[PDB]
file target.pdb (PDB, C-alpha atoms and all ligand atoms)
ATOM      1  CA  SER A1315       9.272   8.102  20.013  1.00  0.00           C
ATOM      2  CA  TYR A1316       5.849   9.287  21.355  1.00  0.00           C
ATOM      3  CA  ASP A1317       5.275  11.564  18.259  1.00  0.00           C
ATOM      4  CA  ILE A1318       1.612  10.988  17.194  1.00  0.00           C
ATOM      5  CA  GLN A1319       2.272  12.595  13.762  1.00  0.00           C
ATOM      6  CA  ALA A1320       5.573  10.841  12.813  1.00  0.00           C
ATOM      7  CA  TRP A1321       3.830   8.048  10.808  1.00  0.00           C
ATOM      8  CA  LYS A1322       3.057  10.444   7.897  1.00  0.00           C
ATOM      9  CA  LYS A1323       6.627  11.239   6.857  1.00  0.00           C
ATOM     10  CA  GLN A1324       7.620   7.569   7.606  1.00  0.00           C
ATOM     11  CA  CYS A1325       4.884   6.451   5.130  1.00  0.00           C
ATOM     12  CA  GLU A1326       6.027   9.048   2.538  1.00  0.00           C
ATOM     13  CA  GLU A1327       9.623   7.686   2.754  1.00  0.00           C
ATOM     14  CA  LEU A1328       8.385   4.063   2.471  1.00  0.00           C
ATOM     15  CA  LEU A1329       6.288   4.962  -0.655  1.00  0.00           C
ATOM     16  CA  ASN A1330       9.457   6.565  -2.118  1.00  0.00           C
ATOM     17  CA  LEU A1331      11.317   3.236  -1.597  1.00  0.00           C
ATOM     18  CA  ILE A1332       8.354   1.308  -3.167  1.00  0.00           C
ATOM     19  CA  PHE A1333       8.472   3.638  -6.252  1.00  0.00           C
ATOM     20  CA  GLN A1334      12.268   2.844  -6.631  1.00  0.00           C
ATOM     21  CA  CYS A1335      11.477  -0.970  -6.603  1.00  0.00           C
ATOM     22  CA  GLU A1336      11.167  -2.407 -10.180  1.00  0.00           C
ATOM     23  CA  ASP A1337       8.576  -4.807  -8.641  1.00  0.00           C
ATOM     24  CA  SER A1338       6.201  -1.782  -8.120  1.00  0.00           C
ATOM     25  CA  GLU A1339       5.892  -0.854 -11.829  1.00  0.00           C
ATOM     26  CA  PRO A1340       2.587  -2.769 -12.441  1.00  0.00           C
ATOM     27  CA  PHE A1341       1.046  -1.112  -9.309  1.00  0.00           C
ATOM     28  CA  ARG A1342       2.068   2.581  -9.751  1.00  0.00           C
ATOM     29  CA  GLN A1343      -1.085   3.577 -11.643  1.00  0.00           C
ATOM     30  CA  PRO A1344      -4.633   2.170 -11.989  1.00  0.00           C
ATOM     31  CA  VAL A1345      -4.945  -1.125 -13.902  1.00  0.00           C
ATOM     32  CA  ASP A1346      -5.508  -0.433 -17.624  1.00  0.00           C
ATOM     33  CA  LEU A1347      -9.123  -1.495 -18.493  1.00  0.00           C
ATOM     34  CA  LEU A1348      -8.419  -1.438 -22.307  1.00  0.00           C
ATOM     35  CA  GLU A1349      -5.576  -4.005 -21.641  1.00  0.00           C
ATOM     36  CA  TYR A1350      -7.722  -6.079 -19.164  1.00  0.00           C
ATOM     37  CA  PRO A1351     -11.382  -5.637 -20.213  1.00  0.00           C
ATOM     38  CA  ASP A1352     -12.827  -8.030 -17.553  1.00  0.00           C
ATOM     39  CA  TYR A1353     -10.937  -6.298 -14.654  1.00  0.00           C
ATOM     40  CA  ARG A1354     -14.045  -4.731 -12.994  1.00  0.00           C
ATOM     41  CA  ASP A1355     -16.012  -8.045 -13.308  1.00  0.00           C
ATOM     42  CA  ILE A1356     -13.494  -9.498 -10.754  1.00  0.00           C
ATOM     43  CA  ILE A1357     -12.235  -6.394  -8.801  1.00  0.00           C
ATOM     44  CA  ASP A1358     -14.801  -4.252  -6.892  1.00  0.00           C
ATOM     45  CA  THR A1359     -12.348  -1.592  -5.545  1.00  0.00           C
ATOM     46  CA  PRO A1360      -9.290  -0.745  -7.723  1.00  0.00           C
ATOM     47  CA  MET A1361      -6.239   0.619  -5.809  1.00  0.00           C
ATOM     48  CA  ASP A1362      -2.690   1.650  -6.785  1.00  0.00           C
ATOM     49  CA  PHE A1363       0.320   3.367  -5.161  1.00  0.00           C
ATOM     50  CA  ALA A1364      -0.228   6.748  -6.860  1.00  0.00           C
ATOM     51  CA  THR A1365      -3.757   6.815  -5.333  1.00  0.00           C
ATOM     52  CA  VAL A1366      -2.303   5.962  -1.891  1.00  0.00           C
ATOM     53  CA  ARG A1367       0.380   8.689  -2.160  1.00  0.00           C
ATOM     54  CA  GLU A1368      -2.248  11.306  -3.256  1.00  0.00           C
ATOM     55  CA  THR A1369      -4.634  10.302  -0.414  1.00  0.00           C
ATOM     56  CA  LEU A1370      -1.758  10.742   2.107  1.00  0.00           C
ATOM     57  CA  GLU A1371      -0.631  14.084   0.593  1.00  0.00           C
ATOM     58  CA  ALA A1372      -4.263  15.389   0.606  1.00  0.00           C
ATOM     59  CA  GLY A1373      -4.447  14.761   4.406  1.00  0.00           C
ATOM     60  CA  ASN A1374      -7.172  12.124   3.866  1.00  0.00           C
ATOM     61  CA  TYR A1375      -5.606   9.310   6.012  1.00  0.00           C
ATOM     62  CA  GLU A1376      -6.144   9.734   9.811  1.00  0.00           C
ATOM     63  CA  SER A1377      -3.769   6.802  10.726  1.00  0.00           C
ATOM     64  CA  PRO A1378      -1.141   4.488   9.223  1.00  0.00           C
ATOM     65  CA  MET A1379      -3.696   1.649   9.706  1.00  0.00           C
ATOM     66  CA  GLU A1380      -5.882   3.242   7.027  1.00  0.00           C
ATOM     67  CA  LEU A1381      -2.927   3.564   4.608  1.00  0.00           C
ATOM     68  CA  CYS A1382      -1.957  -0.079   5.378  1.00  0.00           C
ATOM     69  CA  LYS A1383      -5.548  -1.264   4.497  1.00  0.00           C
ATOM     70  CA  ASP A1384      -5.317   0.467   1.009  1.00  0.00           C
ATOM     71  CA  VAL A1385      -1.789  -0.987   0.330  1.00  0.00           C
ATOM     72  CA  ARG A1386      -3.032  -4.476   1.335  1.00  0.00           C
ATOM     73  CA  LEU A1387      -5.927  -4.001  -1.174  1.00  0.00           C
ATOM     74  CA  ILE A1388      -3.364  -3.467  -4.002  1.00  0.00           C
ATOM     75  CA  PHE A1389      -1.991  -6.956  -3.162  1.00  0.00           C
ATOM     76  CA  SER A1390      -5.352  -8.739  -2.596  1.00  0.00           C
ATOM     77  CA  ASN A1391      -6.581  -7.327  -5.960  1.00  0.00           C
ATOM     78  CA  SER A1392      -3.504  -8.836  -7.722  1.00  0.00           C
ATOM     79  CA  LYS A1393      -4.162 -12.253  -6.008  1.00  0.00           C
ATOM     80  CA  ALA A1394      -7.823 -12.163  -7.027  1.00  0.00           C
ATOM     81  CA  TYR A1395      -7.163 -11.155 -10.677  1.00  0.00           C
ATOM     82  CA  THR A1396      -4.239 -13.506 -11.418  1.00  0.00           C
ATOM     83  CA  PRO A1397      -5.083 -16.576 -13.571  1.00  0.00           C
ATOM     84  CA  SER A1398      -2.188 -18.475 -11.924  1.00  0.00           C
ATOM     85  CA  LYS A1399      -0.074 -18.399  -8.744  1.00  0.00           C
ATOM     86  CA  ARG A1400       2.971 -18.469 -11.194  1.00  0.00           C
ATOM     87  CA  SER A1401       2.030 -15.255 -13.148  1.00  0.00           C
ATOM     88  CA  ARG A1402       4.719 -12.539 -13.564  1.00  0.00           C
ATOM     89  CA  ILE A1403       2.649  -9.613 -12.122  1.00  0.00           C
ATOM     90  CA  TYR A1404       1.330 -11.727  -9.142  1.00  0.00           C
ATOM     91  CA  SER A1405       4.930 -12.910  -8.393  1.00  0.00           C
ATOM     92  CA  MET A1406       6.079  -9.226  -8.314  1.00  0.00           C
ATOM     93  CA  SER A1407       3.158  -8.394  -5.937  1.00  0.00           C
ATOM     94  CA  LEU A1408       4.304 -11.111  -3.440  1.00  0.00           C
ATOM     95  CA  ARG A1409       7.882  -9.767  -3.261  1.00  0.00           C
ATOM     96  CA  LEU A1410       6.631  -6.147  -2.940  1.00  0.00           C
ATOM     97  CA  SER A1411       4.128  -7.186  -0.173  1.00  0.00           C
ATOM     98  CA  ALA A1412       6.972  -8.875   1.841  1.00  0.00           C
ATOM     99  CA  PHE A1413       9.029  -5.628   1.501  1.00  0.00           C
ATOM    100  CA  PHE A1414       6.078  -3.444   2.553  1.00  0.00           C
ATOM    101  CA  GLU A1415       5.164  -5.630   5.588  1.00  0.00           C
ATOM    102  CA  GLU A1416       8.847  -5.712   6.734  1.00  0.00           C
ATOM    103  CA  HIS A1417       8.930  -1.835   6.768  1.00  0.00           C
ATOM    104  CA  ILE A1418       5.365  -0.902   7.947  1.00  0.00           C
ATOM    105  CA  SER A1419       5.565  -3.036  11.165  1.00  0.00           C
ATOM    106  CA  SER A1420       7.607  -0.398  13.138  1.00  0.00           C
ATOM    107  CA  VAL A1421       5.469   2.489  11.740  1.00  0.00           C
ATOM    108  CA  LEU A1422       2.299   0.843  13.116  1.00  0.00           C
ATOM    109  CA  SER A1423       3.888  -0.116  16.468  1.00  0.00           C
ATOM    110  CA  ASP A1424       5.331   3.390  17.053  1.00  0.00           C
ATOM    111  CA  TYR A1425       1.979   5.091  16.193  1.00  0.00           C
ATOM    112  CA  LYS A1426      -0.046   2.834  18.481  1.00  0.00           C
ATOM    113  CA  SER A1427       2.524   3.299  21.307  1.00  0.00           C
ATOM    114  CA  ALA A1428       2.330   7.121  20.849  1.00  0.00           C
ATOM    115  CA  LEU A1429      -1.482   7.049  21.087  1.00  0.00           C
ATOM    116  CA  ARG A1430      -1.310   4.879  24.248  1.00  0.00           C
ATOM    117  CA  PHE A1431       1.193   7.361  25.810  1.00  0.00           C
ATOM    118  CA  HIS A1432      -1.180  10.283  24.930  1.00  0.00           C
ATOM    119  CA  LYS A1433      -4.021   8.528  26.906  1.00  0.00           C
ATOM    120  CA  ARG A1434      -1.738   7.248  29.803  1.00  0.00           C
ATOM    121  CA  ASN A1435      -3.303   9.408  32.628  1.00  0.00           C
TER     122      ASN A1435
HETATM  123  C1  LIG B   1      -0.824   2.804 -18.063  1.00  0.00           C
HETATM  124  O1  LIG B   1       0.236   2.177 -17.339  1.00  0.00           O
HETATM  125  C2  LIG B   1      -0.039   1.027 -16.645  1.00  0.00           C
HETATM  126  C3  LIG B   1       0.917   0.019 -16.616  1.00  0.00           C
HETATM  127  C4  LIG B   1       0.675  -1.142 -15.877  1.00  0.00           C
HETATM  128  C5  LIG B   1      -0.491  -1.293 -15.134  1.00  0.00           C
HETATM  129  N1  LIG B   1      -0.815  -2.484 -14.444  1.00  0.00           N
HETATM  130  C6  LIG B   1      -1.819  -3.314 -14.874  1.00  0.00           C
HETATM  131  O2  LIG B   1      -2.482  -3.035 -15.906  1.00  0.00           O
HETATM  132  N2  LIG B   1      -2.043  -4.400 -14.080  1.00  0.00           N
HETATM  133  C7  LIG B   1      -2.520  -5.668 -14.660  1.00  0.00           C
HETATM  134  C8  LIG B   1      -3.351  -6.542 -13.731  1.00  0.00           C
HETATM  135  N3  LIG B   1      -2.828  -6.549 -12.362  1.00  0.00           N
HETATM  136  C9  LIG B   1      -2.585  -7.646 -11.656  1.00  0.00           C
HETATM  137  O3  LIG B   1      -2.380  -7.551 -10.459  1.00  0.00           O
HETATM  138  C10 LIG B   1      -2.407  -8.936 -12.320  1.00  0.00           C
HETATM  139  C11 LIG B   1      -2.255 -10.131 -11.680  1.00  0.00           C
HETATM  140  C12 LIG B   1      -2.104 -11.074 -12.721  1.00  0.00           C
HETATM  141  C13 LIG B   1      -2.011 -10.433 -13.902  1.00  0.00           C
HETATM  142  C14 LIG B   1      -1.762 -10.914 -15.277  1.00  0.00           C
HETATM  143  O4  LIG B   1      -2.248  -9.099 -13.701  1.00  0.00           O
HETATM  144  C15 LIG B   1      -2.568  -5.230 -11.807  1.00  0.00           C
HETATM  145  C16 LIG B   1      -1.594  -4.487 -12.685  1.00  0.00           C
HETATM  146  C17 LIG B   1      -1.425  -0.260 -15.150  1.00  0.00           C
HETATM  147  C18 LIG B   1      -1.198   0.895 -15.885  1.00  0.00           C
END
call {"tool": "encode", "arguments": {"input": "target.pdb", "output": "structure tokens"}}
result
Amino acid sequence: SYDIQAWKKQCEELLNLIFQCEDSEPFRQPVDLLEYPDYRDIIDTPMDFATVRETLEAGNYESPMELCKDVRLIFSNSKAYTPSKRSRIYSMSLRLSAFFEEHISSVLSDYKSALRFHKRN
């Protein structure tokens, strides 16, 4: 498909699947700072899936690359905050990341192909 706009609904459908995953529950809303009082001593830029969905729905992503950078920050934040590579929440993040990467690969490829077709002449 050479549709330059198709990534947006493809990303909405993938966020729907991520919200149905039990593994997403820790990442649906901002990290609770009363629960984890040192969180902002370790994490400079908090990110969560509700924030990513709102950003997309506001029309404040220009490309699926930008959405992909914010989703990858959800996962790098969990790796940076975990006290162990065996923690429950970190382990959930690694399964959810594998799922996300499996699904976003075609979204990115199709978008970049569409942009190349737009500039072909
Ligand atoms: C109000 O409802 C909420 C329910 C759950 C959450 N999630 C959190 O508080 N988080 C804890 C720290 N995070 C980690 O990635 C993490 C790696 C290791 C360990 C122990 O935590 C992110 C997720 C936020 C709001």
call {"tool": "atom_distance", "arguments": {"input": "target.pdb", "atom1": "CA of residue 1404 (chain A)", "atom2": "CA of residue 1351 (chain A)"}}
result
17.9 Å
call {"tool": "resolve_selection", "arguments": {"input": "target.pdb", "expression": "the PyMOL selection byres (((chain A and resi 1352-1360) around 9) and not hetatm)", "output": "list in words"}}
result
residues 1344, 1345, 1346, 1347, 1350, 1351, 1361, 1362, 1387, 1388, 1391, 1394 and 1395 of chain A
call {"tool": "write_last_selection", "arguments": {"input": "target.pdb", "atoms": "C-alpha atoms", "output": "JSON list (two decimals), keeping the file's coordinate frame"}}
result
[["chain", "number", "residue", "atom", "x", "y", "z"],
["A", 1344, "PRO", "CA", -4.63, 2.17, -11.99],
["A", 1345, "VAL", "CA", -4.94, -1.12, -13.90],
["A", 1346, "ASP", "CA", -5.51, -0.43, -17.62],
["A", 1347, "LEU", "CA", -9.12, -1.50, -18.49],
["A", 1350, "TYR", "CA", -7.72, -6.08, -19.16],
["A", 1351, "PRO", "CA", -11.38, -5.64, -20.21],
["A", 1361, "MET", "CA", -6.24, 0.62, -5.81],
["A", 1362, "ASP", "CA", -2.69, 1.65, -6.78],
["A", 1387, "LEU", "CA", -5.93, -4.00, -1.17],
["A", 1388, "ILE", "CA", -3.36, -3.47, -4.00],
["A", 1391, "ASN", "CA", -6.58, -7.33, -5.96],
["A", 1394, "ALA", "CA", -7.82, -12.16, -7.03],
["A", 1395, "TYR", "CA", -7.16, -11.16, -10.68]]
call {"tool": "atom_distance", "arguments": {"input": "target.pdb", "atom1": "CA of residue 1418 (chain A)", "atom2": "CA of residue 1374 (chain A)"}}
result
18.5 Å
call {"tool": "residues_around", "arguments": {"input": "target.pdb", "residues": "residue 1366 (chain A)", "least_positions_apart": "6", "cutoff": "12 Å", "atoms": "all atoms listed in the file", "output": "list in words"}}
result
residues 1325, 1326, 1328, 1329, 1330, 1332, 1333, 1341, 1342, 1343, 1344, 1360, 1372, 1373, 1374, 1375, 1378, 1380, 1381, 1382, 1383, 1384, 1385, 1386, 1387 and 1388 of chain A
call {"tool": "resolve_selection", "arguments": {"input": "target.pdb", "expression": "the PyMOL selection byres (((chain A and resi 1424) around 12) and not hetatm)", "output": "MDAnalysis selection string"}}
result
chainID A and resid 1315:1322 1324 1377:1379 1418:1423 1425:1431
call {"tool": "write_last_selection", "arguments": {"input": "target.pdb", "atoms": "C-alpha atoms", "output": "short mmCIF file (atom, residue, chain, number, x, y, z; two decimals), in the coordinates of the input"}}
result
data_model
loop_
_atom_site.label_atom_id
_atom_site.label_comp_id
_atom_site.auth_asym_id
_atom_site.auth_seq_id
_atom_site.Cartn_x
_atom_site.Cartn_y
_atom_site.Cartn_z
CA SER A 1315 9.27 8.10 20.01
CA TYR A 1316 5.85 9.29 21.36
CA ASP A 1317 5.28 11.56 18.26
CA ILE A 1318 1.61 10.99 17.19
CA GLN A 1319 2.27 12.60 13.76
CA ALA A 1320 5.57 10.84 12.81
CA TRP A 1321 3.83 8.05 10.81
CA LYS A 1322 3.06 10.44 7.90
CA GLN A 1324 7.62 7.57 7.61
CA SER A 1377 -3.77 6.80 10.73
CA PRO A 1378 -1.14 4.49 9.22
CA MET A 1379 -3.70 1.65 9.71
CA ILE A 1418 5.36 -0.90 7.95
CA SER A 1419 5.56 -3.04 11.16
CA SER A 1420 7.61 -0.40 13.14
CA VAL A 1421 5.47 2.49 11.74
CA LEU A 1422 2.30 0.84 13.12
CA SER A 1423 3.89 -0.12 16.47
CA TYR A 1425 1.98 5.09 16.19
CA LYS A 1426 -0.05 2.83 18.48
CA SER A 1427 2.52 3.30 21.31
CA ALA A 1428 2.33 7.12 20.85
CA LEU A 1429 -1.48 7.05 21.09
CA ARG A 1430 -1.31 4.88 24.25
CA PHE A 1431 1.19 7.36 25.81
#
call {"tool": "atom_distance", "arguments": {"input": "target.pdb", "atom1": "CA of residue 1410 (chain A)", "atom2": "CA of residue 1331 (chain A)"}}
result
10.6 Å
call {"tool": "axis_aligned_box", "arguments": {"input": "target.pdb", "around": "ligand LIG 1 (chain B)", "padding_each_side": "8 Å", "output": "lines of an AutoDock Vina configuration file"}}
result
center_x = -1.2
center_y = -4.1
center_z = -14.3
size_x = 20.3
size_y = 29.9
size_z = 23.6
call {"tool": "closest_residue", "arguments": {"input": "target.pdb", "among": "A:1365, A:1396, A:1435, A:1334", "to": "ligand LIG 1 (chain B)", "atoms": "only C-alpha atoms and all ligand atoms"}}
result
A:1396
call {"tool": "closest_residue", "arguments": {"input": "target.pdb", "among": "A:1376, A:1403, A:1368, A:1348", "to": "ligand LIG 1 (chain B)", "atoms": "all atoms listed in the file"}}
result
A:1403
call {"tool": "resolve_selection", "arguments": {"input": "target.pdb", "expression": "the PyMOL selection byres (((chain A and resi 1337) around 7) and not hetatm)", "output": "list in words"}}
result
residues 1335, 1336, 1338, 1339, 1406 and 1410 of chain A
call {"tool": "closest_residue", "arguments": {"input": "target.pdb", "among": "A:1327, A:1409, A:1363, A:1392", "to": "ligand LIG 1 (chain B)", "atoms": "all atoms listed in the file"}}
result
A:1392
